[PDB]
């Protein structure tokens, strides 16, 4: 599993993911948006885990309106996922204290946890 | 044209829609049976305008998600909602629908607002049929523009009017 | 018998005396404990005039030099007790009808209690 | 070994075993209130009662398994109807006077009284009989309630079940009898005429008390026992690294408790480490700050990294300083090492680096100290390495590591008797003042600063010392397996440290080196020390510098660019720093440390509110980008790979690393920085007065210098300006002023002046 | 005792000058997420002081997730109505009318005022 | 009457017989003898196949032979042609790295959906099944939920101002392998049973 | 150990308070063992196979679902039947998907 970007750097994370994704087809990939506080999205932060099935890609909690330009970064990100043909979007709810260590767990544990906790979501709520 | 752009016409059409609210039940669990009780001959949601009940989704404005929404049912309910006419509203009935409820696990969606734009929430396990009527009057006066939250804000008539569907 | 009511009344009376001595001498008074039969009474009725079971006079250091307690509403052999900590001194007051509050046979007057408290303060109080 | 049978099972068990431990070693259970691990069992609660046969020859009356020895081929019965009936009756006698506080009791879900009650009480008497909970229908004992014994400890004398745990501990383990019963009969209650609770280990009675009598004032009324999230980690306040458990709920730190690891700290924590948590969760920095208009402004991480790129664009790689904190993890130390390897710079260092590396000396294990014959000590264990006081309390009583049962540490060690006599001939101590442990140091001499080197010369034998020093020399000679213990005075003076090395090499003897830095030996093992040029953590040599701590103002003064990675906000940064960044505390960190005994220790992250903080690992990774160099470490997993490549053993593994190089520095002796247990950044909340600064002076020199016994005197050091209460002590050598070193700057001699 | 884990209780020490509860401890923060709450009554069943007791109001349907986490001062016996009902009565100036009637209120609800069978 | 002959037949061939004093009976057959033995059981007149229940003993305080254990329930209807009413369980342990077991679908068509369920929840593969398809867990679900190595997947509960609850750290109840909040658990909280 | 103490004497007995507190927080610990009991509901045979490990929470609970085992006979039952009757034959079999899916 790869980890790109850095926390609280929305545009750096967005550009790093733009470069790293390339021409990868996301028709069978699963996009996990990791966040806290289900209800309040105005101050929410977001991390991303991209489970392609053959390899996974991690981006730390650097998206969302919680950071300057992070809202537009999340919108562009989800828009690009949809453009690349991603259909399966999920929203994972972790505790604020978890969110940091969860990206420091080993890949298999982190991915099993995310797949267990993820909720099917309308990507439109991030557009 | 969405019921807008004239002071009298929009209030009139909102009146019309509010009283003509057409429920389409999406029964999942025991919340669905407690909603079936909201139609019997003790307390009927058959007076305000909800007498008729068209199983088709092309024919109703109100989508009432009644029960626990399993993650395997989420895309089905998603597409049933997308396959509705556009002036449409969403009620989330019961704890399992509103939040994860007492079933906090891999199987159940922890907020139906994740998949569908929810208009009204109604707690309870099950929520009483009269609480559901309170919710539909709540939605009624919401589409009348008579609804406010605890913060003082007026609420838009139609949620799912604010989302980039795709 | 019905002595209980006047016993709790005189208990409130003794508490009033303790508060007055505290305010006069500028020494700390403390309500130590309330009645469990009033805390944990949920719907159950409470007829006692006050809900306070234990009180104390503590010196400047907070270590008590005088302790006073009353038996709960439901206990057998009801009494009121006094204790000088560190002095191995214990007193047991009852209530005799017509006479008043008595330690054994000796009437327990406010003046008696004031003299006992002053001696206790001067001897036991550290600061 | 001795052959025992518990109710259906057969057990091998060492001879000195307690019957209770043989019971639990067989896997059975029995009430337990009076006895405690590492404490002398004495039958007080009378809860451990079992049946014993030694033939079928049953004993007449029930044996207290806590204070009953085991005999070869002995039968022990814990399931008899009579045994369980007596257990229930004793539980009732214990519950006789209890105050009915369970719902409002801070002891909550974990109350030994509650649990043994629900385990063993209300025996099945023989239908649908209506049973009675309580037969006692009289007035319960009502005594003083919720009495603060100290800024950290509260006392409920009603909840006390009159076991012996707290007074037993106070007499045995710390050796401070500051708690005892007053009256007798049922009027017995805990009290003291020593009110402050002087012992620096008082807080453990809170963990020991099986009831809610002794509770933690710093965590009173915060949450119930089950509700708290437990983060097991290690304390990085000093290099002994006790295991601790950080209780956290809803993003805030509530309470610190001990984590048992008999290898180093048994079940004990020091008061400073345990109650000095108020600062971590109260006021700290959450946003990176950048200097724009001669002042600091909150900025995005992007804007701060932009300022970083700009300020380092014109920077040459041999003027950049890399200065880490005393608690810096092995990963961070190794990443700094590798990054200054690639980026050639001669000066990197860490906050508490000593003139003489601790890696000079062979680390000793605490059980090696228990088995050792002699202990030669220079420094103050109580303030420099607190729990060394407790391991020396075990040592002094001839105690030795117990046998390891199936339930782990023995519940009742027959090796530990009550009121044990303490030997004064087993060790020698030399401190600049009359240290508390001198009570147990027959051979003891109060010397002055900079005299250690001469005591060690005398111990080597190239000259002749005082009576005490010659006695210490002689005892060390006679010692077959002695342990030498060295503090900051030794570790900060090149010549003294070298003479210690010589002594402990000539006689085969291990060393316990009390570094002012927590991960000093691990950072040394990771190669974090300055080079030839040598701008150290206290030296203003570099032109660009990164700081993971607060330097002397003279180190900041002059530099072109300084980037400080702190957790709290310091004025010294809003007047000299250009870019500040938030850092997480060791409570919420994850990584490894190296014990002063060479053992690697894990830091698990606690769910405390960090803000947007980032580890120094990521900070250095991002700082290298502005310089062009690519860092080898970004994450904990890659850091662990490269660590294990660096051949640092598994956790609880001991790390072997020596070093032979000395960096000497002159010491301007006018003021002394007294090594303190309490640390400056801990002076928050209830630790406010406990972590105060002190200035100690001999009454004559104080009188000459006009220093009253109660005065709050301000003092100016190169390390800043601090106010300190003035204490007169007749054991402090004349002509000196001992100033409280409440940081990892202990043991340093500095100029200065008393401001008025 | 909450199977849905819907109750958050932050405690604090009673102030002798102006006390709140009967012991040395009271409810500083008492929140219940009605959307998580499954309505057992186990909270009352574990209530040793009879503080928490299920009531009779059912007209609690509301629009926002974050508004359905009821606080202490939304549940005290003194309050008459549900959150939307009270909000409507304030933005309306028309007093709250509950949509229920009962023969009587249980003793555990002592203080809870309700319309009873026609007693009023 | 047919149960007595089952006990007599199992005891003679060295099949362990587990019994609780509550009235429940097991007959544990080895992996080899499982298929043919239960075929013989159906031949003995066991009309009805009630349940196929899979068990993951990973987190059990006492150890067991293998991690997984499958338990079948066989019955003979009392009101049918010649109904005794004899009902009993057959337990068969299954290795962690060999999640194989022959189906009895050919014997009872009841085992069809039950064995599909056991395959869904545990990685237990049933040999000879007409269709082993995931029944209950979502089509895209990865793994087998009910084996203890699979997380329950809880979501935190939410309140007003940063106040949240994590159930796994909020739970006061203890499991069998949970030591408890005191130094140990004994007595009732290491297991309790009343004497009727 | 099974039943919480009577709520009226929660203000009198230490044993009552302790047992109330412990019971409502931790609960109680049944013996180590597996158990099952059958019952007749309006949809057939019902039962719980309970493995308890001596803890306060059950080690595992499996439910025999009559609505689940009854559904294996649906393709057979409605085999050859009418298309409108495929709904009536499902309604007549009395299914409950809360029981089936579970």
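Going by the order they are written in, the chains are A, B, C, D, E, F and G; count residues from 1 in each one.
Basically, contacts are C-beta pairs under 8 Å (C-beta built on N, C-alpha and C of every residue); 3 or more make two chains touch, one makes a residue touch a chain.
Molecules present, by chain and UniProt name: B = NADH-quinone oxidoreductase subunit 6; C = NADH-quinone oxidoreductase subunit 15; D = NADH-quinone oxidoreductase subunit 3; F = NADH-quinone oxidoreductase subunit 5.
Of the two chain pairs examined here, C-G and A-F, it is A-F that is joined by more C-beta pairs in contact.
With centres computed as the average of Cα coordinates, no chain lies farther from subunit D than B. The central chain here, found by comparing per-chain C-alpha centres with the mean of all protein C-alpha atoms, is D. Once the centre of each chain is set as its mean CA position, subunit E and subunit F turn out to be 44 Å apart. Our note on geometry: subunit C versus subunit E, Cα centroid distance of 37 Å, whole angstroms. Chain geometry summary: the mean Cα position of subunit C and that of subunit F are 64 Å apart.
Centre-to-centre, using mean CA coordinates, subunit D is 47 Å away from subunit E. Counting partner chains per residue, subunit D has residues 100-101, 103-104, 109, 115, 118, 146, 226, 229, 251 touching two or more of them.
Of all residues in subunit C, those that touch two or more other chains are 35-36, 38-42, 72.
Each of residues 151-155, 157-158, 163-164, 166-167, 170-172, 185, 188-190, 194 in subunit F touches at least two other chains. Interface of subunit F with subunit D (complex): residues 162-164, 166, 169-172, 180-190, 194-195. Considering their complex, residues 229, 248, 251, 300-302, 305, 590, 605-610, 612, 614, 618, 622, 634-637 of subunit D touch subunit A. Those residues of subunit E whose C-beta lies close enough to touch subunit D in the complex are 10-13, 23-25, 48-49.
Residue ranges on subunit A touching subunit B, taken from their complex, read 38-39, 82, 91, 93, 116-117, 119-125, 127. Every residue of subunit A that touches subunit F in the complex is listed here, in rising order: 30, 36-39, 88, 93-96, 112-113, 115-117.
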